[PDB]
Amino acid sequence: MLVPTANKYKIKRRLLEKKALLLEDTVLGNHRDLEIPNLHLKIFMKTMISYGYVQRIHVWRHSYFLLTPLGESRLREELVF
Amino acid sequence: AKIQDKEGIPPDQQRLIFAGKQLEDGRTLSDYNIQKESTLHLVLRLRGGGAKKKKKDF
Amino acid sequence: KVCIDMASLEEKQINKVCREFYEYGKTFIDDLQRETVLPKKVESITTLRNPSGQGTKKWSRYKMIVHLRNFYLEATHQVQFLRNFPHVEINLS
Amino acid sequence: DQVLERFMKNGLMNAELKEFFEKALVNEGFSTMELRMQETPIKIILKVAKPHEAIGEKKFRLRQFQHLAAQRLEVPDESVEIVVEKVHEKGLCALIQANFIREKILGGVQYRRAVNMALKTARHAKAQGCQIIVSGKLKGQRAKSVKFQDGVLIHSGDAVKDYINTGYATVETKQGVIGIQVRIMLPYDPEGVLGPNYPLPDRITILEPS
RNA sequence: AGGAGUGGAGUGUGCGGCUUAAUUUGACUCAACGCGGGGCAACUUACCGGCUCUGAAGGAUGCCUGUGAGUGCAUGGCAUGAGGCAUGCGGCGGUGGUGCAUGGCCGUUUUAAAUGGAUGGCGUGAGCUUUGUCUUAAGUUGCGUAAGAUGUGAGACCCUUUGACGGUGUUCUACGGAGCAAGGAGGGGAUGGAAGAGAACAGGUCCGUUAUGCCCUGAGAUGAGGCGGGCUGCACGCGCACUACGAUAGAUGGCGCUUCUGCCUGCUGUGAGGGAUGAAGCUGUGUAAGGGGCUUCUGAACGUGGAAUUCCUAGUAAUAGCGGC
Ligand SMILES: [Zn+2]
């Protein structure tokens with residue numbers, strides 16, 4: 001499906017402030033803090049792995065993401081003025 | 001097997017807007033009473049913003 | 001009314017914390033340098049060793065033993081050198 | 001019950017958070033972790049061998065571990081506190097040597113020149129003994145194992161829990177995974193820092209009449 | 001030497017064979033067969049029959065796209081508002097194949113008692129340092145010998161709990177130890193476990209794992225859901241069990257209670273022993289049940305089991321039970 005563009009910029013805000021994220025791998029439900037379905041987050045953070053912004057470390061039914069230098073430096077020119 | 005196609009509205013956007021003298025925009029096709037003034041309801045008890053919720057039969 | 005409670009999984013490091021606090025509380029408001037010793041608690045599980053269905057079938061039971069001591073010494077504002085121990089699970093109510 | 005119902009949900013969290021730190025601290029000499037869930041800030045201590053590289057400049061790399069450990073434990077943002085430390089003796093940790101033999105096999109060295117570089121780093125630190133095992137497709141398509149011992153070990157008994165130190169590691173070559181196991185015997189220490197402060201149970205020493 | 005059995009009967013449930021749209025599979029002397037913690041109505045589930053979805057990274061080339069790409073609408077026109085289609089290099093998913101490509105962990109020889117450096121000596125050299133003998137659960141100790149000492153394993157150690165040591169007397173001994181007594185809360189490794197060097201096997205597991213090499217598969221997908229069916233089908237051969245063939249017993253009452261699996265007892269003198277198979281009626285769990293319980297009736301085979309064959313040395317074997325998973 002097409003993740004709505006109002007939800008994409010929502011996610012790129014939490015990556016700047018917190019610089020991390022934690023995604024429980026299932027299809028049902030909503031994220032705890034962000035009120036976005038788990039199935040939108042799973043579709044969108046397959047493109048932040050092809051670009052080279054974060055790196056996934058999966059452990060026990062949970063995938064921990066971590067921001068990178070090339071990613072932190074890249075999001076500045078889209079959300080920083 | 002096979003699926004069904006669709007039909008699009010290119011110029012029907014100008015439903016009843018009638019550009020008259022003094023830019024007298026003639027607005028017809030009254031919208032949903034339970035929604036904003038901009039969401040022109042479908043003909044005969046159907047609405048658009050609500051998938052099928054707003055149903056104003058008049 | 002102070003009430004110090006201890007609990008941990010290994011015992012060779014729970015006796016130290018119940019003896020190191022023996023002398024740093026000797027010369028203070030409280031006395032009766034002793035600590036009760038309740039009977040331990042046990043939790044058990046039994047399972048198969050074989051990771052499939054081959055061989056002789058062999059069982060093994062695990063235990064989680066938990067020791068715990070008590071302290072009762074009424075004082076008034078007499079500590080943080082109790083919170084500096086690696087394994088014992090200090091409790092202060 | 002009550003105490004034996006929280007001591008198992010507390011320990012069930014130490015088994016998972018310990019499983020993540022050793023994957024995000026691979027190339028820094030990770031040694032151990034320790035979790036104390038009764039404080040105002042939940043303490044978490046990490047023993048490593050590269051303190052000024054796990055932290056990162058400005059602590060940019062430490063303020064990520066603190067946010068991921070707070071999401072998991074279900075607490076506020078500033079209610080968990082990570083504290084980094086440094087190992088006392090780099091040569092006596094069996095899990096640090098298990099990965100030093102593993103960064104070499106990804107570095108084109110052969111498994112003989114790499115094993116002997118990690119057996120003499122246990123002699124210099126004054127360890128009683130040290131065994132190593134390597135098993136896989138070492139040099140072909142038929143697999144075998146090879147042992148390398150350089151001292152005194154001990155296998156059965158009750159003191160084995162205190163006197164041995166274990167560590168595993170696997171390398172993903174172009175052929176398939178290889179295994180590595182390291183076991184180190186710590187020296188007796190009356191103070192109780194390098195090794196235990198216990199003599200082995202079958203050592204009898206007779207005093208002098210003076 | 002002894003006690004209780006299995007092999008014969010009727011049922012419980014594993015395996016082969018046959019059958020089926022499908023009856024998903026691994027394991028075959030010990031060391032496969034109430035074993036995969038495998039008691040399957042859905043899920044579990046790997047199999048069969050229809051239907052629905054994409055839960056399809058990102059580049060590259062052609063084509064189309066703000067003058068609307070697509071999407072929800074139980075009905076066809078509004079509403080939302082930026083990607084889509086065609087080729088390929090590639091990323092990704094798979095209870096899809098290979099355990100004879102691997103890691104990790106288990107089983108087996110091993111419930112055994114076996115082994116590694118350095119000194120001296122013996123051989124041109126590899127190499128050997130033997131073949132005895134007493135005692136022990138044990139290369140456990142003791143003697144004899146070109147050998148004298150030190151590690152791992154056994155023991156100590158730990159679950160675990162009163163310094164109990166063959167200590168004292170006694171009868172034999174190779175001075176290693178063994179039997180029988182007393183005293184004693186405990187007696188001969190204090191009991192039962194846990195543990196267990198270094199080698200081997202083409203032993204078992206890719207169906208346990210975001211452990212893993214290579215091959216196979218890719219939208220009418222070997223991916224993900226939803227609904228019905230199957231794994232429970234039945235001529236026959238086999239392995240582990242449960243209940244019986246009766247008077248040392250069955251039926252009915254009383255006594256013990258928050259205890260117990262016992263004790264006393266009017267009837268039955270023998271198919272009132274046994275309780276399979278089926279009928280009618282009442283009920284619980286759940287989305288779904290003649291599967292699970294209860295009441296009256298029906299009441300089989302079975303008369304202590306051929307050749308073979310399994311377990312067992314004391315608070316144990318055998319009998320009757322209660323917890324937990
Ligand atoms: Zn409306």
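Below, read A as the first sequence line, B as the second, and so on, with proteins coming before strands; counting in each chain starts at 1.
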### Criterion side-chain contact (heavy atoms from CB on, under 4.5 Å) on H67(C) and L38(C), from CA distance to verdict
CA-CA 8 Å; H67(C) 326 271; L38(C) 292 77; over 6 Å; no
#### Entry: Pair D162(D)-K12(C), side-chain contact (heavy atoms from CB on, under 4.5 Å): steps then yes or no
CA-CA 12 Å; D162(D) 275 15; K12(C) 268 179 279 198; 4.1 Å; yes
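For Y51(A), counting side-chain heavy atoms from C-beta on, the closest listed nucleotide (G59(E), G151(E), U160(E)) is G59(E). Among the nucleotides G103(E), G104(E), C157(E), the one closest to any side-chain atom of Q181(D) is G104(E).
The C1' atoms of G93(E) and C216(E) are separated by 14 Å, rounded to the nearest whole Å. Across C227(E) and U52(E), the matching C1' atoms stand 11 Å from one another, rounded to whole Å. Across the P atoms, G187(E) and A181(E) are found 13 Å apart, a figure rounded to whole Å. Rounded to whole Å, the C1' atom of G239(E) lies 10 Å from the corresponding atom of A32(E). Using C1' as the reference atom, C242(E) and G274(E) are 15 Å apart when rounded to the nearest Å. The gap from the P atom of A247(E) to that of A41(E) amounts to 44 Å, rounded to the nearest Å.
Across all strands shown, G223(E) forms a Watson-Crick or G-U wobble pair, both distances under 3.5 Å, with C53(E). Remark: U11(E) base-pairs with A241(E). Criterion, Watson-Crick or G-U wobble with two distances under 3.5 Å. With a 3.5 Å ceiling on both atom-pair distances, the Watson-Crick or G-U wobble partner of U6(E) is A308(E).
Within the nucleic acid shown, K58(C) comes within 4.0 Å of sugar-phosphate atoms alone, with no base atom in reach, counting heavy atoms only. Residue contacts shown for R61(C) are absent, as no nucleic acid heavy atom lies under 4.0 Å away. The residue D202(D) sits close to a base: some heavy atom pair falls under 4.0 Å. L153(D) comes within contact range of the sugar-phosphate backbone alone, with a heavy-atom separation under 4.0 Å but no base atom that close. Nucleic acid contact for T47(C): base, since at least one base atom lies under 4.0 Å from a heavy atom of the residue. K40(C) comes within 4.0 angstrom of the backbone, heavy atoms only, and of no base. Nucleic acid contact for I154(D): sugar-phosphate only, since backbone atoms but no base atoms lie under 4.0 Å from a heavy atom of the residue. In this structure, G55(C) reaches the sugar-phosphate backbone alone: every heavy-atom distance under 4.0 Å involves primed, P, OP1 or OP2 atoms, never a base. Nucleic acid contact class of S63(A) (heavy atoms, under 4.0 Å, all strands): none. Within 4.0 Å (heavy atoms only), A159(D) reaches no atom of the nucleic acid at all. Contacts of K42(A) with the nucleic acid, taken as non-hydrogen atoms under 4.0 Å apart, are absent.
For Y168(D), a side-chain nitrogen or oxygen approaches OP1 or OP2 of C105(E) to under 4.0 Å. Between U102(E) and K144(D), no contact under 4.0 Å exists linking OP1 or OP2 to a side-chain N or O. Contact annotation: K137(D) does not reach the phosphate of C214(E) (side-chain N/O to OP1 or OP2, under 4.0 Å). Between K57(C) and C33(E) there is a side-chain N or O to OP1 or OP2 distance below 4.0 Å. OP1 or OP2 of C100(E) has not a single side-chain nitrogen or oxygen of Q141(D) nearer than 4.0 Å. Between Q54(C) and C106(E) there is no side-chain polar atom (N or O) within less than 4.0 angstrom of OP1 or OP2.
When ring centroids are compared, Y163(D) and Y188(D) stay outside the 6.0 Å threshold.
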## Note on the structure
Scoring nucleotides 191-202 of chain E by protein non-hydrogen atoms under 4.0 Å (B base, S sugar-phosphate only, - none) yields ----S-SSS--B
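Across every non-hydrogen atom of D77(D) and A70(D), the tightest pair is O-CB, 4.4 Å.
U98(E) takes the anti form, because its glycosidic angle lies more than 90° either side of 0. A272(E) shows a glycosidic angle more than 90° from 0 and is accordingly assigned anti. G163(E) has its base syn relative to the sugar, with a glycosidic angle deviating from 0 by at most 90°.
Neighbouring nucleotides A219(E) and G220(E) fail the stacking criterion: their six-membered base rings are not both under 5.5 Å apart at the centres and under 30° between the planes. Consecutive residues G290(E) and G291(E) form an unstacked step, taking six-membered ring centres below 5.5 angstrom and planes below 30 degrees as the test. Taking ring-centre separation below 5.5 Å and interplanar angle below 30 degrees as the test, the adjacent bases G286(E) and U287(E) do not pass. In this strand, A46(E) does not stack on its neighbour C47(E) by the test of ring centres under 5.5 angstrom and planes under 30 degrees. Under the 5.5 Å centre and 30° plane thresholds, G70(E) stacks on its strand neighbour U71(E).
Each of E20(C), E10(C), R69(C) was scored for a side-chain hydrogen bond (donor to acceptor under 3.5 Å, both in side chains) with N15(C), with one residue passing: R69(C).
Ring orientation note: the planes of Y111(D) and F148(D) are nearly perpendicular, at an angle over 60° on the 30°/60° scale.
In this structure, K23(D) fails the cation-pi test against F20(D), since its NZ or CZ atom is not both closer than 6.0 Å to the six-membered ring centre and inside 45 degrees of the ring normal.
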